[PDB]
Amino acid sequence: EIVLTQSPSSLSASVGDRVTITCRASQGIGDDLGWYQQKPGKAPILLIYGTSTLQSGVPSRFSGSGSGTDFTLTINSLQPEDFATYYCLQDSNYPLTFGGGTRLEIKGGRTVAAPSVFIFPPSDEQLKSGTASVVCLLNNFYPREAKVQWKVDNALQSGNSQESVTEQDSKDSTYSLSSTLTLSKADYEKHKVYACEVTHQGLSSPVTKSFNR
Amino acid sequence: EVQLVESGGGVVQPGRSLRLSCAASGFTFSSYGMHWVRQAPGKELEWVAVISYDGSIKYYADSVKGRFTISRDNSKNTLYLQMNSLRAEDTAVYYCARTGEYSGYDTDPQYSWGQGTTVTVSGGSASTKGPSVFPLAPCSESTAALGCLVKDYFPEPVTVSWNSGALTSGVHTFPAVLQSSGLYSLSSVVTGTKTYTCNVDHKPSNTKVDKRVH
């Protein structure tokens, strides 16, 4: 299929700046390129089709150019409603293929956020199959760098836990992490307290959520 | 009147061979380069073989190089594809077509190819495992958190909704992790008064589990 490479990937700007976004195609696509705008919780909206023809209702500050391979979207004097995600779309060849997208975001928006920490004990259903999983969730934090230490009876755990992180949220631009401590039921029985210690720059000192078996 | 009818598909054990045929009519068959196209489950169209109008040149995809052989008889209006050492990735619906990958068409060319012929390589279910769904609730307003643990399934993927798709705000469905056993595990969480039920869908095992979290 035809691959469209957008540049840049992200762009932090302020109200009133001039912004240019490029889209390069793997092969010639003629005038069959359009620019789309996507806001959080909504589908991409067509802004410009035919490389340069503005859709009815699109403000004059939006403009497009290029022909063949290299294409450019230009937003002169950004408005508060222009901050969204922008995609280039080709309908020259089947299948229709989008670009990677360009996130145009406010500059004063990536504020530090402390993670809300929650700890989940293993369910009674899982215990009757020989295994026991303890889950610790770090919800809505920025930046992405966080430390999750597993403690059981104040003993540090290692090599028996797995982490997974969500990508940057589209609405609040925060991160979320989940850690799973996997033990056998016999080893889960020989211990009482189960704690999850979280180190993040939004906290004054590590936050520990724990429970008793 | 233009017609291209595929035949020869069926079930075949891995490592063994199978031959597909294509009958052509309604056009000057010896004046068109012929292709074999296929579509595997969850994947887009894949052009695996091409033979020139006269049969001199034969190009193959790297996916099938050294295992597949395309040929044609311009006196019988027939096209053939000899598939040897068949693997699980060869399980797909196979089409006989005149248009290549770089044809330039803006419309789905598969729409003009009919049903094609189906090749099913057996054994694509021995490693399939269905998931087990476990609740996630803290040990004793909108400040709490619940979730579901989707554990011990294979292969990918698993998708999760909440309250039959009615709940959307606050849901975080984490990418699945790979366990030491070779099976996958996924966690989905939500951050009240209403009930909370996760709906887990694992199509490789045709698993649909509704698990309410208490």
# chains A, B, ... in the order shown; residues from 1 in each chain; ligands from 1

call {"tool": "residues_around", "arguments": {"residues": "region 39-44 of chain B", "least_positions_apart": "6", "cutoff": "9 Å", "atoms": "only C-alpha atoms", "output": "ChimeraX atom specification"}}
result
/B:89-95

call {"tool": "write_last_selection", "arguments": {"atoms": "N, CA and C atoms", "output": "compact mmCIF listing (two decimals), in the first residue's frame"}}
result
# COMPACT_ATOMS: atom_id res chain seq x y z
N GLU B 89 0.85 -19.76 7.68
CA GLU B 89 0.65 -18.47 7.05
C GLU B 89 0.06 -18.57 5.65
N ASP B 90 0.06 -19.76 5.05
CA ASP B 90 -0.54 -19.96 3.74
C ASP B 90 -2.05 -20.13 3.79
N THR B 91 -2.62 -20.36 4.98
CA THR B 91 -4.07 -20.43 5.14
C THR B 91 -4.70 -19.10 4.76
N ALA B 92 -5.41 -19.07 3.64
CA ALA B 92 -5.99 -17.84 3.13
C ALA B 92 -6.96 -18.18 2.01
N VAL B 93 -7.74 -17.18 1.61
CA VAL B 93 -8.58 -17.28 0.42
C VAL B 93 -7.77 -16.79 -0.77
N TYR B 94 -7.68 -17.62 -1.81
CA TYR B 94 -6.82 -17.36 -2.95
C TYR B 94 -7.65 -16.93 -4.15
N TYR B 95 -7.16 -15.92 -4.86
CA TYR B 95 -7.87 -15.34 -6.00
C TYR B 95 -7.00 -15.40 -7.25

call {"tool": "interface_residues", "arguments": {"of": "chain B", "to": "chain A", "cutoff": "9 Å", "atoms": "only C-alpha atoms", "output": "number ranges by chain"}}
result
B: 101-109, 132-139, 144-146, 149, 172-179, 186-187, 189, 191

call {"tool": "residues_around", "arguments": {"residues": "region 151-157 of chain A", "least_positions_apart": "4", "cutoff": "7 Å", "atoms": "only C-alpha atoms", "output": "ChimeraX atom specification"}}
result
/A:191-196

call {"tool": "write_last_selection", "arguments": {"atoms": "C-alpha atoms", "output": "PDB file, in the first residue's frame"}}
result
ATOM      1  CA  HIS A 191       2.882 -13.991  53.790  1.00  0.00           C
ATOM      2  CA  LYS A 192       0.552 -11.354  55.209  1.00  0.00           C
ATOM      3  CA  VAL A 193       1.069  -7.746  54.058  1.00  0.00           C
ATOM      4  CA  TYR A 194       1.324  -6.869  50.354  1.00  0.00           C
ATOM      5  CA  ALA A 195       2.436  -3.341  49.478  1.00  0.00           C
ATOM      6  CA  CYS A 196       3.020  -1.385  46.265  1.00  0.00           C
TER       7      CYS A 196
END

call {"tool": "closest_residue", "arguments": {"among": "A:184, A:79, A:170, A:111", "to": "residue 18 (chain A)", "atoms": "only C-alpha atoms"}}
result
A:79

call {"tool": "select_by_dssp", "arguments": {"residues": "region 86-144 of chain B", "states": "helix (DSSP H, G or I)", "output": "VMD selection string"}}
result
chain B and resid 88 to 90 109 to 112

call {"tool": "atom_distance", "arguments": {"atom1": "CA of residue 149 (chain A)", "atom2": "CA of residue 154 (chain B)"}}
result
28.6 Å

call {"tool": "closest_residue", "arguments": {"among": "B:150, B:18, B:119, B:96", "to": "residue 183 (chain B)", "atoms": "only C-alpha atoms"}}
result
B:150

call {"tool": "atom_distance", "arguments": {"atom1": "CA of residue 6 (chain B)", "atom2": "CA of residue 69 (chain B)"}}
result
16.0 Å

call {"tool": "atom_distance", "arguments": {"atom1": "CA of residue 33 (chain B)", "atom2": "CA of residue 68 (chain B)"}}
result
17.3 Å
